[PDB]
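Worksheet for the structure shown next.
The numbers here are math on the coordinates, done by the rules we state, and not lab data. Backbone-built Cβ (ideal geometry, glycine too); neighbour counts: all protein chains shown.
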Amino acid sequence: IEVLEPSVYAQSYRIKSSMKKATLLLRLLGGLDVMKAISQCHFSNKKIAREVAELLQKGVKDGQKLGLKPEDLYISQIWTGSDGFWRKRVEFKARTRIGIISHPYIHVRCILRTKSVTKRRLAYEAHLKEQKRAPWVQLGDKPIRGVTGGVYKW
Amino acid sequence: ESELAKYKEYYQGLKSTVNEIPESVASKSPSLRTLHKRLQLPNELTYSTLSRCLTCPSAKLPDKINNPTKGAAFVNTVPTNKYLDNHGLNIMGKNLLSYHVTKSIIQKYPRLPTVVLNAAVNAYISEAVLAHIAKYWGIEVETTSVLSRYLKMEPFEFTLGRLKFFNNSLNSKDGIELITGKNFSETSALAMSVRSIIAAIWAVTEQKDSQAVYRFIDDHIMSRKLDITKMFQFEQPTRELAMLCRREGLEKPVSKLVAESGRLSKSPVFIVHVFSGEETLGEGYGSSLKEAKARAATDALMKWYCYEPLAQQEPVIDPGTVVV
Amino acid sequence: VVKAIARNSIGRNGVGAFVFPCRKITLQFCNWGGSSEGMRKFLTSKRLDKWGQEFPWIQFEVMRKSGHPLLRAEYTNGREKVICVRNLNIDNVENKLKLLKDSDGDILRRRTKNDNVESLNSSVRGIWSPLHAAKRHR
Amino acid sequence: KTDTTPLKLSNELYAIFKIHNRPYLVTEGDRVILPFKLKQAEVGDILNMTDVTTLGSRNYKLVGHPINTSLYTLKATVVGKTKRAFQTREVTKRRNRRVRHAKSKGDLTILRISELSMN
Amino acid sequence: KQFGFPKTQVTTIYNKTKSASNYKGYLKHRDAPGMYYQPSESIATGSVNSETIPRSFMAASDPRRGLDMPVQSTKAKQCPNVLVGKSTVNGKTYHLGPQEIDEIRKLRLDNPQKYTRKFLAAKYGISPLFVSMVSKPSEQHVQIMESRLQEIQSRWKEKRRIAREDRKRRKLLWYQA
RNA sequence: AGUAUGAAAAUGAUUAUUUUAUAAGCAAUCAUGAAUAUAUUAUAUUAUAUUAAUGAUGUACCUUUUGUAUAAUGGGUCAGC
RNA sequence: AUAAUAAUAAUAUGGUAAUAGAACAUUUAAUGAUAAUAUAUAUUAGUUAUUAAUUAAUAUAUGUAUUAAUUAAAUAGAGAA
Ligand SMILES: [Mg+2]
Ligand SMILES: [Mg+2]
Ligand SMILES: [Mg+2]
Ligand SMILES: [Mg+2]
Ligand SMILES: [Mg+2]
Ligand SMILES: [Mg+2]
Ligand SMILES: [Mg+2]
Ligand SMILES: [Mg+2]
Ligand SMILES: [Mg+2]
Ligand SMILES: [Mg+2]
Ligand SMILES: [Mg+2]
Ligand SMILES: [Mg+2]
Ligand SMILES: [Mg+2]
Ligand SMILES: [Mg+2]
Ligand SMILES: [Mg+2]
Ligand SMILES: [Mg+2]
Ligand SMILES: [Mg+2]
């Protein structure tokens, strides 16, 4: 039921940053509507923001091409990973000390779902759980924990 | 030789055996013999009748066989003779089961309400409980295709010892469940096998041991656990209790307080008794005075409705459900 | 008024008629492989006939497969117990047959201390109530 | 001399019976798990309790050491003989590489109470 | 006293005050053989047991009727009334004929706001429940009250709502017994 | 430093279930509520699986030593050798 | 006069350095049917007194085991340098 719901898979390119630096921005764009997460990336001061904004626009266009409506889309899962093949270089310090400098390259991948299907389903499920939950009985039938022991104490 | 001809002979032979159900081949089925005396069926119950219990009225193939593209295929069943079938047995089984359970519940709980009794009778002989009983006993549903049995060269005795009815192969495949009638449901087929067994155990032993099938029913059906207390749900117990007290000679009921603790607290305790005079009819607790009064009224009603007389008492006939 | 809460009865095997837990035993083997020499000699011996006569509410199979020997036991509840009988002699295969036969099909479990009685019935004497106590506390 | 009518006239009854001096408190159709393998009793055989210590109802009791076997009828049926779950524990010392395993798989005997009534 | 059995109680060789839950004490207690009257230290709200059914509730030809099991420990003379109505403490009264009843109905349909249950109850010396029995308000009065109720229920936040449904399930549990 | 495949682990982000903002120590074992998920014999008053309610017990591993939690030596982790 | 299994009575079954007996995993060599309704590997849930092998489901490769079993050999088992 999760996979069959409408979704758009947006992948970035090999961008020069670190997976820590990107996470600072991506944690903001958690469940935000794409049509507004784009504006936030536009006005962010982080270099990573510009490329994330372009990715969201492509996803919105991608969803618009599959049949979905741009105002119906919202980021459901945004994350990042190591692109691989990081170049390692040796840092030369003063008194014969050596360091290794790595140059991380990462990619940011998004998943956008439709708020007219996924969110409604989740809201429906939450309602069922609320109904299914048991009441609170002040003198509740709390189980008598402990093995009886072959003796009738009452 | 053309192998199609060999299948012709196998198919005709299987159809003939089902149409006749001879005892010579029915007695060669290990499933039948084991199923026979696992339940201690009388020695006078021929293994052919056991097969007849398992057989079902699969007379003519339906119009859904035409295409399985619509989610329905019936290849595991062979047409059966109309005379040899469980169609008449399950009616007897249903009649016996309904009568005994209703009679036995009433005898144990005379004052039961009609609606509660119908629920209790349903619980004992529901379609689900009977289906579960059949599976417990080991009755198997023939799921392999008739062709498949030919290649494997299965003797007819095995197929003759299984539950045979129109089976919707491709039922739950890929999640597409085509909805059919009760005639194409494994649950219904199994239940009527149990009813059919109840009928046969009667017909054979009705002449010499009248109270035999009923003993069998009390061994397997009414030996099951059921708490009548959990089948009740009152709405206005106070008014209904007052009507009961007026109807009988009992005095007008008044609910009074016995003990309390933590009145000004989150979870107090109140004990109230419904006094029909000096005597108390019901005991009730709760975290509120209103809750205790309701609990006490329900207890008194439950005690009246669930009274169980001793087996040595003269039979007691309830004056009927209270009408408000 | 009175409404009914529908329920279903609970199977209590033994109180009325006792239905034996095991329903079917399968004796699989292989015609090639030293792992099944014990099962072969068991099937050729006169012991399997004795087991059929003594326990005729159990259905016995013998099957040939290109693999290890086995012993499948289907029980009433629905589960199945399978035993590998590689490199075992006649008496050990018989003993494993004895274990499968005389066992309910229940999944093996861990039991606490003194947890020995499981009843689905209510209490003859009701749960202890501080208000309705033998002697009041203090 | 031993009055029993109050226990005759009861909708439910309970018994405290001992097998090898281990007390078990049971009712009609209760299940007992004896923590040993009964070699003398075969699966499906019916036992007859004859060491019942206490028999009682909601407000009454009958205690004996043991109660006379003619005053009641308690029978239990063997339903199955199974084993506990497999547990293995390592037994080792503080600075010892060698570790020994103490495998445990207990034997149980399932019993179901068939009849329990006064006589 | 139908039976003269010695009276006992759940006893432990230890101190019950500090060792109530110690099962060994009850294991190691031995009582002399015979019969014992050991009362149950519990309530009987949902107990069908034959030893808690009231005497008046069993058949006339019941042997257990003579036996005094359901002891009348509590006396009515000292237990105060709980949520009892005025018509219960003071006997029911039947003093209205058709003429007054028609007046009650006509008065209510005329102007329910001024002529309410309490007003009619005080005027004719009858209970508000009775006015429900005989009188029926105008459909407009019910419709505005129902709409008024819905408005009250609308302003609730999530917590109140959940609490109210919680109350509803508790009621079912009370009556289920 | 051949070519294909690659749900091997360490490691990173996100999501899902459960627990967590009045409680203190080798992070586990046992006792025991509650929530959640699966189950084509849950007939259920059902069985498993995950989860830091709460209670009891619990001084990492190896080497060397009469003797180590020792604040005595060796170990960031995983894979191959 | 033996071997396997099961009964009854009795005795014993902590263990460093060390001694003695018996087994399991991986690879190679000799003999060695079967086969996509099978075989190998991995995950999950069961079975067998369980470092192992098995049942079922799922996923990927292969028209396919140096496969079961008896011997003969080891670059034959890693939290410890
Ligand atoms: Mg790569
Ligand atoms: Mg520098
Ligand atoms: Mg670095
Ligand atoms: Mg040492
Ligand atoms: Mg160690
Ligand atoms: Mg103490
Ligand atoms: Mg807190
Ligand atoms: Mg801390
Ligand atoms: Mg030193
Ligand atoms: Mg120390
Ligand atoms: Mg250190
Ligand atoms: Mg330190
Ligand atoms: Mg170090
Ligand atoms: Mg030793
Ligand atoms: Mg090596
Ligand atoms: Mg390693
Ligand atoms: Mg190790």
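Can you name the residue in the stretch B:46-60 that is surrounded by fewer than 18 Cβ atoms within 10 Å (Cβ to Cβ) and in contact with a helix residue (DSSP H, G or I) (Cβ under 8 Å, 6 or more places away or on another chain) and, of all such residues, is nearest to B:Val75 (Cα to Cα)? So, considering only residues that are surrounded by fewer than 18 Cβ atoms within 10 Å (Cβ to Cβ) and in contact with a helix residue (DSSP H, G or I) (Cβ under 8 Å, 6 or more places away or on another chain), the one nearest to B:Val75 (Cα to Cα) is B:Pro57.
Please verify whether the stretch C:24-43 includes one or more residues that are in contact (Cβ under 8 Å) with a residue 24 or more places away in the chain, within 12 Å of chain B (Cβ to nearest Cβ), part of a loop (DSSP other than H, G, I, E, B) and touching a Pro at 6+ places or on another chain (Cβ under 8 Å). The answer is no; no qualifying residue exists.
Evaluate the stretch A:33-46: report whether one residue or more is charged (D, E, K, R) and touching a helix residue (DSSP H, G or I) at 6+ places or on another chain (Cβ under 8 Å).
Going residue by residue through the stretch A:33-46, those that are charged (D, E, K, R) are A:33, A:36, A:46.
Still in the list and also touching a helix residue (DSSP H, G or I) at 6+ places or on another chain (Cβ under 8 Å): A:33, A:46.
Yes, the stretch A:33-46 contains a residue that is charged (D, E, K, R) and touching a helix residue (DSSP H, G or I) at 6+ places or on another chain (Cβ under 8 Å).
A residue that is in contact (Cβ under 8 Å) with a residue 24 or more places away in the chain, at the interface with chain C (Cβ under 9 Å from one of its Cβ atoms) and β-branched (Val, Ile, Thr) can be found somewhere in the stretch B:216-228.
Residues in the stretch B:27-52 that are more than 14 Å from chain C (Cβ to nearest Cβ) and in contact with a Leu (Cβ under 6 Å, 6 or more places away or on another chain): B:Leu50, B:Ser51, B:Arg52.
Any chance the stretch E:54-68 includes a residue that's within 14 Å of chain C (Cβ to nearest Cβ) and over 30 Å from E:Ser135 (Cβ atoms)?
Here is the first cut: in the stretch E:54-68, the residues within 14 Å of chain C (Cβ to nearest Cβ) are none.
No, the stretch E:54-68 has no match at all.
In the set B:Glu206, B:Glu177, only one residue is more than 14 Å from chain C (Cβ to nearest Cβ) and more than 27 Å from B:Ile106 (Cβ to Cβ); that residue is B:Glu177.
Check whether at least one residue in the stretch C:66-76 is over 16 Å from the mean Cα position of the chain (by Cα), outside any loop (DSSP other than H, G, I, E, B) and under 21 Å from D:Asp107 (Cα atoms), and report yes or no. Scanning the stretch C:66-76 turns up no residue that is over 16 Å from the mean Cα position of the chain (by Cα), outside any loop (DSSP other than H, G, I, E, B) and under 21 Å from D:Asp107 (Cα atoms). Strands (runs of 3 or more DSSP E) fully within chain D that include at least 2 residues being within 16 Å of ligand 3 (Cβ to nearest atom) and either within 11 Å of chain C (Cβ to nearest Cβ) or in contact with a helix residue (DSSP H, G or I) (Cβ under 7 Å, 6 or more places away or on another chain) (or both): none found.
Taken over the stretch D:78-99, the criterion of being under 30 Å from D:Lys39 (Cα atoms) and among the basic types (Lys, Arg) is satisfied by D:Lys81, D:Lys83, D:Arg84, D:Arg89.
Taken over the stretch B:241-274, residues that are at the interface with another protein chain (Cβ under 7 Å from one of its Cβ atoms) and either under 24 Å from B:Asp318 (Cβ atoms) or within 41 Å of the chain's Cα centre (by Cα) (or both) amount to 4. If you check C:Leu97, C:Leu71 for being within 14 Å of chain D (Cβ to nearest Cβ), touching a strand residue (DSSP E or B) at 6+ places or on another chain (Cβ under 9 Å) and in contact (Cβ under 8 Å) with a residue 24 or more places away in the chain, only one passes: C:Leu97. When the criteria are applied in full, C:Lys81 meets the requirement of being charged (D, E, K, R), touching a helix residue (DSSP H, G or I) at 6+ places or on another chain (Cβ under 7 Å) and more than 12 Å from RNA strand F (Cβ to nearest atom). If you take the residues in the stretch A:114-154 that are within 9 Å of chain E (Cβ to nearest Cβ) and β-branched (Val, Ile, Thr), which one is surrounded by the fewest Cβ atoms within 10 Å (Cβ to Cβ)? Residue satisfying both the conditions and the ranking: A:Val147. For beta carbons closer than 8 Å, sequence separation of 6+ or different chains, a first residue in the stretch A:115-142 that is more than 17 Å from A:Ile75 (Cα to Cα) and a second that is basic (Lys, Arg) and assigned to a loop (DSSP other than H, G, I, E, B), the qualifying pairs are A:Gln138/B:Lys266. Here the stretch E:149-177 is the region considered, the condition is being over 30 Å from B:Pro237 (Cα atoms) and of a type outside the set (A, V, I, L, M, F, W, C), and the residue that is farthest from the other protein chains (Cβ to nearest Cβ) is E:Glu151. Look at (1) part of a helix (DSSP H, G or I); (2) surrounded by fewer than 16 Cβ atoms within 10 Å (Cβ to Cβ); (3) basic (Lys, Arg) and you find that B:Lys208 fails only one, number (1).
Just wondering, is there one or more residues in the stretch D:48-58 that are touching a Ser or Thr at 6+ places or on another chain (Cβ under 7 Å) and either under 22 Å from C:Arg109 (Cα atoms) or in contact (Cβ under 8 Å) with a residue 60 or more places away in the chain (or both)? Within the stretch D:48-58 (the criterion being touching a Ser or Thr at 6+ places or on another chain (Cβ under 7 Å) and either under 22 Å from C:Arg109 (Cα atoms) or in contact (Cβ under 8 Å) with a residue 60 or more places away in the chain (or both)), the answer is no, since none of the residues qualifies.
Run down E:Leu67, E:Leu83 and say which single residue is touching a helix residue (DSSP H, G or I) at 6+ places or on another chain (Cβ under 9 Å) and closer than 19 Å to B:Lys256 by Cα.
Working: E:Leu67 fails: closer than 19 Å to B:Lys256 by Cα.
Unique residue meeting the criteria: E:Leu83.
Exactly one condition in (1) of a type in the set (A, V, I, L, M); (2) within 14 Å of chain C (Cβ to nearest Cβ); (3) under 19 Å from B:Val213 (Cβ atoms) is false for B:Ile91; which is it? Condition (2) is where B:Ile91 drops out. Candidates are the residues of the stretch B:280-304 that are over 12 Å from E:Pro54 (Cα atoms) and among the hydroxyl-bearing types (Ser, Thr, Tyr); the one that is surrounded by the fewest Cβ atoms within 10 Å (Cβ to Cβ) is B:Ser288. Taken over the stretch B:108-121, residues that are touching a residue at least 60 places away in the same chain (Cβ under 8 Å), in a helix (DSSP H, G or I) and over 20 Å from C:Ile10 (Cα atoms) amount to 1. Screening C:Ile58 against (1) touching a residue at least 40 places away in the same chain (Cβ under 8 Å); (2) among the β-branched types (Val, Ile, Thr); (3) more than 14 Å from chain D (Cβ to nearest Cβ) leaves a single unmet condition, (3). The residue pairs whose first member lies in the stretch A:82-105 and is in contact (Cβ under 8 Å) with a residue 60 or more places away in the chain, whose second member is within 16 Å of RNA strand F (Cβ to nearest atom) and of a type in the set (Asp, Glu), and whose beta carbons are closer than 6 Å, counting only pairs six or more residues apart or on different chains, are A:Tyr105/A:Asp83. Check D:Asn96 against each of (1) surrounded by 13 or more Cβ atoms within 10 Å (Cβ to Cβ); (2) within 10 Å of RNA strand G (Cβ to nearest atom); (3) polar (S, T, N, Q) and name the one condition it does not meet. Evaluating D:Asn96 over (1) surrounded by 13 or more Cβ atoms within 10 Å (Cβ to Cβ); (2) within 10 Å of RNA strand G (Cβ to nearest atom); (3) polar (S, T, N, Q) leaves (1) as the failure. Residues that are surrounded by 15 or more Cβ atoms within 10 Å (Cβ to Cβ), out of contact with any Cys (no Cβ under 7 Å at 6 or more places or on another chain) and more than 14 Å from chain D (Cβ to nearest Cβ) do not occur anywhere in the stretch C:103-120.
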